[PDB]
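A.B. asks: Residue numbers (the entry's author numbering), protein chains in the order written: chain A, 154 to 190, 251 to 452; chain A', 154 to 190, 251 to 452; chain B, 687 to 696; chain B', 687 to 696. A prime marks a further copy of an entry chain. The beta carbon of each residue, even a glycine, is placed where N, CA and C say it ideally should be. Quick one: the structure is below, questions incoming.
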């Protein structure tokens, strides 16, 4: 068959929303507190994550049907998925070549080691790379990548969500466009969809793991003081 | 007459405490979010102030008799005087030559203009320079400058102080050493003391003015998000 | 609270 | 609260 207008205008909006919020030159990174190779990377990475949340929020605001949700459900969805969306978009800067996130010269190239000097260990930093590699290999079209993010964000299974029925409906509509698009426009993608939805499950573990690690970090004031107000708010437990 | 042992060992400790917490090369400034000339300097100056609070705390911890105060009075004294102490120590980087704070190349030289792009206006930025100039002119010895700071910090007239009698006693002892020192070691300083105590009154206005300006800034989340956890805590109203 | 998020969300 | 100050004050 072939895509419908309503469906296609979802893709235009999402692709445009991503372009308006993701810079392939990573030029704004010079405004972050400089990276330093207890937890010397914490200051810089905290700024990177903070910056990203802001970007994920601008993108979310442009997902069709999201601005119609209650301020509360919008907050609940962002708080629970923020980290997952940061991880998804980060794939664009990930390099299978050097297994790192290359956002600039040697200064902004992020190795597994670096994330360690920011409060995280190898044991759990391992799944992040595996996720990045598996995701990178799927060679997603910009349209599929931007859709997966919109779908992740609209997961109705999030702590704190109220109108889980409406969220469920929206996520469903987006899942259609993603399925249709693969079928129509993606040659050789018979299993792709299932593989993508699979990636959403991997993001949950990565999410949970991060929560535990972050919790520890935040309870130690000498460390939480290195974070930013937005990060402390988005990953905080206040309800 | 001449100084006593107890008195002199107060001076050794204070001078050493300042040396251990003030770097004349301002080398750590490269770790702050870079300066940018709504409120583009806010990010960098917020880091400068944050850094300073940390330094003022390390100094305070070394003021004789301070660590014996209750954790509460220590917090109350720091919260109310922090800004004044930041202003006093800043005199060391102030230049009557160019009316600015020269902490590095053109990048870390702070003009009145810059503080404006950080949420503050000229109307009240004016008294800060006048204070800096008047203070600079007094050509204080390192011993007198470090004493004035210790005295400012131990003002018993601070909102939230409990044991105001003990604070009052400590500040009094320091006032002795300052008075004695001027007399014994400071040739030509008959009015100096009175001039110094005068400066404490100017710091109160500067303090009050800052409070009002800061209050406005902090109530606007798009701005407070640019501040640091420590700054938000020290200048915050939580009791 | 969530003061900052409410703001960023317009 | 004053979590950070309590910490910095040892």
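Taking Cβ to Cβ, would you say residue 380 (chain A') is nearer than 7 angstroms to residue 694 (chain B')?
C.D. replies: On the second chain, residue 380 (chain A') is found 167 positions in, with the first residue counted as 1. On the fourth chain, residue 694 (chain B') is found 8 positions in, with the first residue counted as 1. Going by C-beta atoms, residue 380 (chain A') is not nearer than 7 angstroms to residue 694 (chain B').
A.B. asks: Starting from residue 183 (chain A'), find everything on chain A with Cβ-Cβ shorter than 9 angstroms and list it in chain order.
C.D. replies: Numbered from 1 along the second chain, position 30 holds the residue referred to as residue 183 (chain A'). Chain A residues near residue 183 (chain A'): 187.
A.B. asks: What does the alpha-carbon distance come out to for the pair residue 296 (chain A') and residue 343 (chain A)?
C.D. replies: Counting from one through the second chain, the residue named residue 296 (chain A') turns up at place 83. Counting from one through the first chain, the residue named residue 343 (chain A) turns up at place 130. C-alpha separation (whole angstroms): 49 angstroms.
A.B. asks: Would a check of beta-carbon distances place residue 336 (chain A) closer than 7 angstroms to chain B?
C.D. replies: Numbered from 1 along the first chain, position 123 holds the residue referred to as residue 336 (chain A). Residue 336 (chain A) does not count as touching chain B.
A.B. asks: Looking at the unbroken alpha helix (DSSP H) that takes in residue 313 (chain A), where does it start and where does it end?
C.D. replies: Start at 1 with the first residue of the first chain, and residue 313 (chain A) comes out as number 100. It is not in any alpha helix (DSSP H) - residue 313 (chain A) instead sits in the beta strand (DSSP E) that spans 313 to 315.
A.B. asks: Residue 308 (chain A') bridges to which residues according to DSSP?
C.D. replies: If you number the second chain from 1, residue 308 (chain A') lands on position 95. BP columns for residue 308 (chain A') point to A':313.
A.B. asks: Under 7 angstroms between the Cβ atoms of residue 258 (chain A') and residue 439 (chain A')?
C.D. replies: Within the second chain, residue 258 (chain A') is the residue found at index 45, counting from 1. Within the second chain, residue 439 (chain A') is the residue found at index 226, counting from 1. Not closer than 7 angstroms, so no.
A.B. asks: In terms of residues, what are the limits of the alpha helix (DSSP H) holding residue 393 (chain A')?
C.D. replies: Counting from 1 along the second chain, the entry for residue 393 (chain A') is found at position 180. Here the alpha helix (DSSP H) through residue 393 (chain A') covers 377 to 398.
A.B. asks: Just tell me which of A':373, A':318 and A':280 has its CA closest to the CA of residue 293 (chain A').
C.D. replies: For the purposes of this step, residue 293 (chain A') is taken as the residue at position 80 of the second chain. Considering only alpha carbons, the answer is A':373.
A.B. asks: Tell me which residues share the same chain as residue 279 (chain A') and place their Cβ nearer than 7 angstroms to its Cβ, disregarding the 5 neighbours each side in the sequence.
C.D. replies: Start at 1 with the first residue of the second chain, and residue 279 (chain A') comes out as number 66. Within the same chain, residue 279 (chain A') has close Cβ partners 273 and 287.
A.B. asks: Who does residue 323 (chain A) pair with in a DSSP beta bridge?
C.D. replies: Taking the first chain and counting its residues from 1, the one referred to as residue 323 (chain A) is at position 110. Paired residues: A:314.
A.B. asks: Would a check of beta-carbon distances place residue 443 (chain A) closer than 7 angstroms to chain B?
C.D. replies: Counted from its first residue, the first chain places residue 443 (chain A) at position 230. Chain B, which has a Cβ nearer than 7 angstroms to the Cβ of residue 443 (chain A), makes this yes.
A.B. asks: Could you give the residue range of the alpha helix (DSSP H) that holds residue 342 (chain A)?
C.D. replies: Residue mapping note: residue 342 (chain A) aligns to position 129 of the first chain, counting from 1. Element bounds for residue 342 (chain A): 335 to 350.
A.B. asks: Please report the residue range of the alpha helix (DSSP H) in which residue 268 (chain A') lies.
C.D. replies: Mapped onto the second chain, residue 268 (chain A') falls at position 55. Looking at the DSSP string, the run of the alpha helix (DSSP H) that includes residue 268 (chain A') is 255 to 273.
A.B. asks: If I measure Cβ to Cβ from residue 448 (chain A) and keep anything under 6 angstroms in the same chain, skipping five residues before and after, which residues do I get?
C.D. replies: The residue you call residue 448 (chain A) lines up with position 235 of the first chain. Within the same chain, residue 448 (chain A) has close Cβ partners 427.
A.B. asks: What separation, rounded to the nearest whole angstrom, lies between the Cα atoms of residue 303 (chain A) and residue 331 (chain A)?
C.D. replies: Here residue 303 (chain A) is taken as the residue at index 90 of the first chain, counted from 1. Here residue 331 (chain A) is taken as the residue at index 118 of the first chain, counted from 1. Distance between the alpha carbons of residue 303 (chain A) and residue 331 (chain A): 17 angstroms.
A.B. asks: Say whether chain B places a C-beta atom closer than 7 angstroms to the C-beta of residue 164 (chain A).
C.D. replies: Mapped onto the first chain, residue 164 (chain A) falls at position 11. Chain B contact via Cβ: absent.
A.B. asks: So what's residue 281 (chain A') in DSSP terms, helix, strand or just coil?
C.D. replies: Taking the second chain and counting its residues from 1, one reaches residue 281 (chain A') at position 68. DSSP places residue 281 (chain A') in coil when its eight states are reduced to three.
A.B. asks: Under DSSP, the alpha helix (DSSP H) around residue 417 (chain A') begins and ends at which residues?
C.D. replies: By 1-based counting over the second chain, the position of residue 417 (chain A') is 204. First-last of the alpha helix (DSSP H) with residue 417 (chain A'): 405 to 432.
A.B. asks: Closer than 7 angstroms by beta-carbon distance: list the chain B' residues that pair up with residue 434 (chain A), in chain order.
C.D. replies: Numbered from 1 along the first chain, position 221 holds the residue referred to as residue 434 (chain A). Chain B' residues near residue 434 (chain A): 689, 690 and 693.
A.B. asks: Report the three-state DSSP secondary structure of residue 174 (chain A) (helix, strand or coil).
C.D. replies: Here residue 174 (chain A) refers to the residue found at position 21 of the first chain. Of the three classes helix, strand and coil, the one that applies to residue 174 (chain A) here is coil, per DSSP.
A.B. asks: For residue 345 (chain A'), count neighbouring Cβ atoms within 10 angstroms of its own Cβ and tell me buried if that reaches 16, exposed if not.
C.D. replies: By one-based count along the second chain, residue 345 (chain A') stands at place 132. By the 10 Å Cβ count, residue 345 (chain A') comes out buried.
A.B. asks: Could you round the C-beta distance between residue 161 (chain A') and residue 397 (chain A') to whole angstroms and report it? I think they count as a contact, below 8 angstroms.
C.D. replies: As a position in the second chain, residue 161 (chain A') is number 8, starting the count at 1. As a position in the second chain, residue 397 (chain A') is number 184, starting the count at 1. Residue 161 (chain A') to residue 397 (chain A'), Cβ: 10 angstroms. No contact.
A.B. asks: In or out: residue 452 (chain A) buried (at least 16 other Cβ within 10 Å) or exposed?
C.D. replies: As a first step, residue 452 (chain A) must be located in the first chain, where it is residue number 239. It counts as exposed.
A.B. asks: Over the uninterrupted alpha helix (DSSP H) stretch that includes residue 364 (chain A'), give me the two end residues.
C.D. replies: Taking the first residue of the second chain as 1, we reach residue 364 (chain A') at position 151. Looking at the DSSP string, the run of the alpha helix (DSSP H) that includes residue 364 (chain A') is 355 to 366.
A.B. asks: Measuring CB to CB, does residue 260 (chain A') end up less than 7 angstroms from residue 190 (chain A')?
C.D. replies: Numbered from its first residue, the second chain carries residue 260 (chain A') at position 47. Numbered from its first residue, the second chain carries residue 190 (chain A') at position 37. Cβ atoms of residue 260 (chain A') and residue 190 (chain A'): not closer than 7 angstroms.
A.B. asks: Would the beta-carbon of residue 390 (chain A) fall within 7 angstroms of that of residue 163 (chain A)?
C.D. replies: Along the first chain, one-based indexing puts residue 390 (chain A) at 177. Along the first chain, one-based indexing puts residue 163 (chain A) at 10. Contact flag set, yes.
A.B. asks: Quick one: give me the first and last residue of the alpha helix (DSSP H) that residue 183 (chain A') is part of.
C.D. replies: Translated into positions along the second chain, residue 183 (chain A') becomes position 30. Careful: residue 183 (chain A') lies outside any alpha helix (DSSP H) and carries neither H nor E.
A.B. asks: Buried or exposed: where does residue 358 (chain A) fall if 16 or more other Cβ atoms within 10 Å of its Cβ makes it buried?
C.D. replies: As a working mapping, residue 358 (chain A) is identified with position 145 in the first chain. Buried, by the Cβ-count rule.
A.B. asks: Would you call residue 434 (chain A) buried or exposed, if buried means 16 or more other Cβ atoms sit within 10 Å of its Cβ?
C.D. replies: For the purposes of this step, residue 434 (chain A) is identified with residue 221 of the first chain, where counting begins at 1. Result: buried.
A.B. asks: Output, in sequence order along the chain, the residues in the segment 412 to 441 of chain A' whose CB is closer than 9 angstroms to any CB in chain A.
C.D. replies: Those residues of the segment 412 to 441 of chain A' that come within reach of chain A (Cβ to Cβ, closer than 9 angstroms) are 434, 437, 438, 439, 440 and 441.
A.B. asks: Less than 7 angstroms between the beta carbons of residue 410 (chain A) and residue 387 (chain A), yes or no?
C.D. replies: Mapped onto the first chain, residue 410 (chain A) falls at position 197. Mapped onto the first chain, residue 387 (chain A) falls at position 174. No. Outside cutoff.
A.B. asks: Quick check on DSSP: helix, strand or coil for residue 167 (chain A)?
C.D. replies: Counting from 1 along the first chain, the entry for residue 167 (chain A) is found at position 14. Of the three classes helix, strand and coil, the one that applies to residue 167 (chain A) here is helix, per DSSP.
A.B. asks: Below 9 angstroms between beta carbons is the criterion; list the residues of the segment 268 to 280 of chain A that meet it against any residue of chain B, in chain order.
C.D. replies: Hits within the stretch, in order: 270, 271, 273, 274 and 280.
A.B. asks: Cα separation between residue 420 (chain A') and residue 306 (chain A')?
C.D. replies: Taking the first residue of the second chain as position 1, residue 420 (chain A') is located at position 207. Taking the first residue of the second chain as position 1, residue 306 (chain A') is located at position 93. Their backbone Cα atoms lie some 20 angstroms apart in a straight line.
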